[PDB]
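So the structure is just underneath, and the comments pick up after that.
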Amino acid sequence: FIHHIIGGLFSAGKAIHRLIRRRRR
């Protein structure tokens, strides 16, 4: 959890963070 381990998954994490937003129950 430093700063280079984000652009490694954070890229798709955002996409998955959009699946939830699209899931605004």
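Ligands are numbered from 1 in the order shown, chains are lettered A, B, ... in the order of the structure tokens, and residues start at 1 in each chain.
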
Per DSSP on the backbone, what are the alpha helix (DSSP H) residues of chain A, as a list in words?
residues 10, 11, 12, 13, 14, 15, 16, 17, 18, 19, 20, 21 and 22 of chain A

Interatomic distance, atom CA of residue 5 of chain A to atom CA of residue 22 of chain A (Å, one decimal)
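Rounded to one decimal, the two atoms are 25.2 Å apart.
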